[PDB]
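As structure tokens, one chain now follows by itself in the form deposited in one PDB entry.
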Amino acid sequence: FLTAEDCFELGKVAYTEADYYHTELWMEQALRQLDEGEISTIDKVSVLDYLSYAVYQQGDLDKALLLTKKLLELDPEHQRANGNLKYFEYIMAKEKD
């Protein structure tokens, strides 16, 4: 049985490899396990940080934004997340044409 932390380690390495597809899959699995109440050294915000950017890297801005908003519900002061929100929004606005 792969734990939330196991999923996270796998996703983190995928991330560095820039394998965003597998980052999203592993990070998603981590999150679900967390959402279901798994007792883990890893936290939701950290999963969300990777997950949101991985989804972005694959071109789903809409979903990247939602995950970002989700992270910020949890950690409103999150620096990267706050930046990401404005960035994603900027690109989306410039996208609409």
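Throughout, we count residues from 1 along the sequence that is shown. Rigid core: the largest C-alpha set superposing within 1.5 Å between the two forms.
Trainee: Give the stretch, out of 31-39 and 58-66, with the larger mean C-alpha temperature factor in the deposited entry.
Mentor: Higher mean C-alpha B-factor: 58-66.
Trainee: Could you say whether, by C-alpha temperature factor, residue 14 belongs to the lowest, middle or highest third of its chain?
Mentor: Within its chain, residue 14 is a lowest-third residue by C-alpha B-factor, going by the deposited values.
Trainee: Sort the modelled residues of this chain by their C-alpha B factor and say whether residue 75 lands in the lowest, middle or highest third.
Mentor: Tercile = middle for this residue's CA B-factor.
Omitted from view is the form deposited in another entry, to which the following refers.
Trainee: Fit the core first: which of 38, 28, 43, 60 then shifts its CA by 2 Å or more between this form and the one not shown?
Mentor: The only residue crossing the 2 Å threshold is 38.
Trainee: Does residue 89 move appreciably between this form and the one not shown, meaning a CA displacement of 2 Å or more on the superposed rigid core?
Mentor: Residue 89 C-alpha, core-superposed: shift of 2 Å or more.
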